[PDB]
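experimental structure below, sequence on top.
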Amino acid sequence: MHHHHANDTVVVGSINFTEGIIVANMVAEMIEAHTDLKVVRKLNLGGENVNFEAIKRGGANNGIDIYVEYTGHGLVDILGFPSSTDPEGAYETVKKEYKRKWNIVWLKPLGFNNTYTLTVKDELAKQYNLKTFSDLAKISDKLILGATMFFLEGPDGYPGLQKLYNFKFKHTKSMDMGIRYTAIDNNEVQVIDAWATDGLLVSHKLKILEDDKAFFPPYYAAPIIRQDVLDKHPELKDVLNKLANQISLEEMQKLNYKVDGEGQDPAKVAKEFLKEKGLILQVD
Ligand code: NA
Ligand code: NA
Ligand code: NA
Ligand code: NA
């Protein structure tokens with residue numbers, strides 16, 4: 001699964017994915033509050049690999065200098081390595097390899113693991129004492145999965161997950177857009193797929209289950225930056241590392257909800273979050 005549908009200038013990128021826009025705007029705000037660097041906020045069109053192609057180009061070549069990447073995307077999709085089960089091993093691997101291959105520096109994780117998950121209504125989890133994918137698999141022969149199309153079409157999706165856990169859902173319905181949220185609300189399906197930080201989980205009274213057999217890789221978000229930009233502006237390392245461990249899963253979910261559920265401006269959501277925990281000053 002993919003996370004998509006001194007007066008010099010630094011270019012911060014994201015693609016059109018709510019979480020990505022929010023965290024990219026946070027990165028921009030931190031640079032604008034703590035340095036005199038000019039920040040271009042580039043919204044790249046296309047899938048998430050456009051960010052990787054852009055960072056290899058660099059802001060000086062109509063690309064970008066910084067974006068927020070997930071450890072497992074770098075590990076599996078970019079480097080082609082197997083899906084590790086250890087967050088630290090995954091992080092150290094991408095950090096070492098990105099530095100060696102492309103002179104790209106992984107900074108510290110933001111604090112959340114936006115991994116792919118299966119979710120059920122809180123009420124179902126309470127009724128059947130569900131915590132893990134393995135718990136769900138045991139009762140899956142009574143249940144229906146409503147899932148995004150890409151999750152059903154791929155060995156890294158439900159087919160592979162089904163093999164590892166022996167899922168036996170009666171039906172697996174392809175439901176794009178917001179169809180599966182309405183379906184689970186209506187008890188037409190009993191399980192949906194979602195990113196762990198999906199802004200709709202709390203408002204739909206949904207519970208994320210644990211991938212106890214570790215099918216999915218770690219997906220810890222962290223800023224990554226070109227070394228040549230750090231060479232010119234070494235102060236960016238400490239400025240951006242002020243975000244280290246500053247965004248929990250629950251905090252990120254709430255920000256995604258403000259945008260996707262409440263229609264708030266992601267730039268305002270990002271800046272207000274930083275101001276409310278003192279990461280920028282009240283007058284910044
Ligand atoms: Na690195
Ligand atoms: Na993180
Ligand atoms: Na099935
Ligand atoms: Na806050």
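Received it, and whenever you're ready, just let me know what you need. Numbers count the residues shown, from 1 in each chain. Ligands and ions are numbered 1, 2, ... in the order given.

helix, strand, or coil at the residue in the stretch 1-150 of the chain positioned nearest to ligand 2?
Closest contact between the stretch 1-150 of the chain and ligand 2, by C-beta to the ion, is at residue 109 (3.3 Å). Where you see a C-beta, it was placed from the backbone N, CA and C, and this is true even at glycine. Recorded secondary structure, residue 109: coil (DSSP: H, G, I helix; E, B strand; the rest coil).

and if you look at residue 69?
Recorded secondary structure, residue 69: strand (three-state DSSP).

then residue 283?
When classified by three-state DSSP, residue 283 comes out as coil.

so which bits of the stretch 1-150 of the chain are right by ligand 2?
Within the stretch 1-150 of the chain, the positions near ligand 2 by C-beta under 5 Å from the ion are 109-111.

dump the residue contacts of residue 76.
Residue 76 makes contact with 82-83, 156, 217, according to C-beta atoms under 8 Å, 6 or more residues apart in numbering.

could you export these as CSV, including secondary structure?
As requested, the contacts of residue 76 are exported to CSV (three-state DSSP):
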residue, secondary structure
82, coil
83, coil
156, coil
217, coil
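
what sits up against the helix or strand encompassing residue 123?
Per DSSP states H and E: residue 123 is located in helix 122-128. By C-beta under 8 Å, 6+ apart, the list of residues contacting helix 122-128 from outside reads 130-131, 135, 139, 190, 205-207, 209.

now, these that are in helices?
135, 139 (DSSP state H).

and the contacts of helix 122-128, which are buried?
With burial judged by 16 or more other C-beta atoms under 10 Å, the buried subset of these is 130, 135, 139, 190, 206-207, 209.

could you dump those residues to JSON lines with distance to ligand 4?
Putting the buried ones among the contacts of helix 122-128 into JSON lines (distance: C-beta to the ion, whole Å) gives the following:
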{"residue": "130", "distance to ligand 4": "31"}
{"residue": "135", "distance to ligand 4": "33"}
{"residue": "139", "distance to ligand 4": "38"}
{"residue": "190", "distance to ligand 4": "34"}
{"residue": "206", "distance to ligand 4": "23"}
{"residue": "207", "distance to ligand 4": "24"}
{"residue": "209", "distance to ligand 4": "27"}
